[PDB]
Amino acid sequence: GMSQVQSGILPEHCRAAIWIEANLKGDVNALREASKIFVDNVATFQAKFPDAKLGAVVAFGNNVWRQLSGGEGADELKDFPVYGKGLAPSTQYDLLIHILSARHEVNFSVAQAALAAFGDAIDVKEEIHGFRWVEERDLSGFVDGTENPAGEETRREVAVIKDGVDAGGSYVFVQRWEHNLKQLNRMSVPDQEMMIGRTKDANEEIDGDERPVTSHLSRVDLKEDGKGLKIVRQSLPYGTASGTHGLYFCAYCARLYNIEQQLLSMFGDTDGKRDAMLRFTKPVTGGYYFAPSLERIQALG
């Protein structure tokens, strides 16, 4: 009499991932059977590749989740709005599929199974292949993940809903960034460090009263009466060396509120100041999704 989390939320240190974002082309009923088939396929792939430490998540946009749930639960869910009056684009789609493991080849086979399950019921808008770079650094050269929640216990506390109809579920936020590494390389290392709020090589936090309020850490390390607004990030670098490249941002939270407060801060809506990382990288997509618990995917029908 309890709820099970979808396998792709809590895995830490996974080296590769695949994110598929898509729109629903026909009746929403096609998603019910397809989602059951896909979670069945994920269990089959986990049994076939135990050393991959494979996990996956199927999550839904506001319009299709309100239809599938009958308007019950997911009280915070809404279409991703535009932040900073345009600085952050909105590209809200209906379905998000997040696959992560220690083996990219296994993720590829799982992605093909997801596409076969949903079939022509969906219109794929985006497919991004994430990879962990050297020393878990973002392509800018700064380590990404240091203050991210560590261990299954704290990650569950931050990302997984505790009780009620949505017990075992989570809110998802995805946003693809395009880095301009030529513009980053024009900045001196000390100026890049003041932009992030941590040192580049050693990955040491620069004190809050020593760094600009526009620094990344000053924008996203938010507290409400001393209580941190934490999120579980699963972001990874992506792209080609000669073409488009950057960071595919992905975060899970039991409360959509924590993610929104950080976006309001980063894009100038809270105090009129914006994130200093906008000097070299920009967001080009944006969407909010609800990841139900495993058994609520089984009760779709």
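One rule holds for the numbers: they count along the sequence shown, beginning at 1.
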query	finding
238-246 or 32-40, whichever carries the higher mean Cα B-factor	32-40
Mean temperature factor over C-alpha atoms, higher-scoring stretch between 121-129 and 157-165	157-165
Residue of maximum C-alpha B factor among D94, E135, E193, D201, per deposited coordinates	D201
Which of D221, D144, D75, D79 ranks first by CA B-factor in the deposited coordinates	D75
Chain third (lowest, middle, highest) by recorded CA B-factor, residue given as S7	lowest
Assigned third (lowest, middle, highest) for the C-alpha B factor of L87	middle
Chain third (lowest, middle, highest) by recorded CA B-factor, residue given as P212	highest
Ranked against its chain, the third holding the CA B-factor of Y257	middle
Third of the chain's Cα B-factor distribution that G197 belongs to, per the entry	middle
